[PDB]
Amino acid sequence: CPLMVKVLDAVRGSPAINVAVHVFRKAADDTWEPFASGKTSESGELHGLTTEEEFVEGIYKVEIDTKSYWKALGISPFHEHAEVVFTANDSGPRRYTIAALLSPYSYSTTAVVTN
Amino acid sequence: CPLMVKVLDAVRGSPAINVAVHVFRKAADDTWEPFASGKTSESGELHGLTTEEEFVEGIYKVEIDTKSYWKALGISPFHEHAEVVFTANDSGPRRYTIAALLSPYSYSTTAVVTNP
Amino acid sequence: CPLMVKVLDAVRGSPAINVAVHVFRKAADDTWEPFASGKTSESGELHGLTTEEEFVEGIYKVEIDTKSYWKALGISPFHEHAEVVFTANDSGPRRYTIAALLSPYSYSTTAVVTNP
Amino acid sequence: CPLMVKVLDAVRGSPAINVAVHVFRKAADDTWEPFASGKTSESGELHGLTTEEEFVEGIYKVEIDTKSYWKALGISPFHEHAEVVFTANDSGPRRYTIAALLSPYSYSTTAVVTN
């Protein structure tokens, strides 16, 4: 699978489990079309979102529902969600891992693109 | 300055200068409406986006155009932009500093929220 | 202010106040020698650690006592401290801002280096 | 293995390969005693540093030689290295993953402690 999402919790030092993730693909009219979604596993990962066939070049958005995660932990968060927007390119490495590190008032996101 | 944006470049160890920033507010019909925009200064800061009066309760999106920034430095980065989406002023007026730390394949954003 | 330290709390979205900071310089015998120390203010900043004259070329270590900070807030964090080790002024005098973003099980540190 | 180190490169969006890592254990006299070391793999990981038997409670330091990594890439770095200092505790989760995200003038480190 060409796209994986990994989410970590910087407050507990653990995978961020059961975090909803929604992936969208930018349509010709500039709107965001639902593409794939899921919830992170006990390892904070979400595999099997798409296939090589369907994951064509284009602009994608990965929305991580961080607010609901923090609310479940009873911690007041800042962001509505974490959004990661990027262009999928065929010339570069073919496996994309979108990693996110979550804190209540901060998040970082990193792309690990490999062959 | 109820809203300030600060952007740093983690490759150069400097402020990220001349970075375009667009702010939107969610309208009643759930669409994003343009709210304010500007560019970071030599200090990597953007002040004067709004006023206390105009910065009412709402869901705001701060779009930082990071791709253009990296491309002008000769780097083809991963992200199109860094988007920061948050509810503001729902418990009264606050001062928000949205900070972003940029690398070609990673970014981190932090909010510093203080009471007037 | 050739050297400034700024510390933010990513759980509260605020400056990290009253954080102890110890600066060391590597001596000729390769040991760490105390250089300066202080605590962050209400703004999360620590100024006045040194002067242009005293801040000579060398390898410096900025120790930020993050564990004590978290424990006073009721959190048992992972790290003992955040250590920032760097060569300074080897190409002439520079102004260094060492920024740290703290979470209980993670921290990020950035350096902003400018010419006088 | 109870201790793993994972290093990523935020400039290239890749694992940070062949990064030297040195682990030290704080001795009774407050000095740092060499404990384990290695170089990250092609996946940016370093496994097999120690064993459950030897990784007793105590204060450890993980030093990641980031300066040499950046120099090999021809990029001027700020830090001499990234140091991660922590206390190993038996009551909590028993597997420690020390992750580091590297940029020339910035790094972040995260501990993922699991059971």
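Indices start at 1 and increase along the chain as displayed.
The header says X-ray crystallography, 1.3 Å.
Just so you know, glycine gets a Cβ as well, placed from its N, Cα and C.
According to Swiss-Prot, the feature L-thyroxine binding site maps to D:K6, D:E45, D:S108. The N-linked glycosylation site feature in Swiss-Prot is assigned to D:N89; the stated evidence is experimental evidence. Annotation comment: Swiss-Prot describes D:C1 as sulfocysteine, evidence class experimental evidence. Taken from Swiss-Prot, the feature 4-carboxyglutamate covers D:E33, and the record attributes it to experimental evidence. Per Swiss-Prot, phosphoserine is recorded for D:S43, and the stated evidence type is similarity to another entry.
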> Cβ under 8 Å from chain C: which of the recorded positions D:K6, D:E33, D:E45, D:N89 qualify?
Replying inline: none
>> Between the Cα atoms of D:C1 (sulfocysteine) and D:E45 (L-thyroxine binding site), what distance do you get, rounded to the nearest Å?
In response: 13
> Under a three-state reduction of DSSP output, how is D:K6 (L-thyroxine binding site) classified: helix, strand, or coil?
Replying inline: strand
> Where the residue listed as '4-carboxyglutamate' and D:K6 (L-thyroxine binding site) are concerned, what is their Cα separation in Å, rounded?
Replying inline: 22
>> Would you identify which of the recorded positions D:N89, D:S108 has the most other C-beta atoms lying within 10 angstroms of its C-beta?
In response: D:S108
> Taking Cβ atoms only, which of the recorded positions D:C1, D:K6, D:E33, D:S43, D:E45, D:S108 fall under 8 Å from chain B?
Replying inline: D:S108
>> At a CB cut-off of under 8 A, do any of the recorded positions D:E33, D:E45, D:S108 come close to chain A? List them or say none.
In response: D:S108
> Rounded to the nearest angstrom, how far is the Cα of D:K6 (L-thyroxine binding site) from the Cα of the residue listed as 'phosphoserine'?
Replying inline: 8
> Just how many other Cβ atoms lie inside 10 Å of the Cβ on D:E45 (L-thyroxine binding site)?
Replying inline: 17
> Name the residues of the same chain, 6+ apart in sequence, whose Cβ is under 8 Å from the Cβ of D:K6 (L-thyroxine binding site)?
Replying inline: D:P15, D:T40, D:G44, D:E45, D:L46, D:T97, D:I98, D:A99, D:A100
>> Measuring Cα to Cα, how far is the residue listed as 'N-linked glycosylation site' from D:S108 (L-thyroxine binding site) in Å?
In response: 22
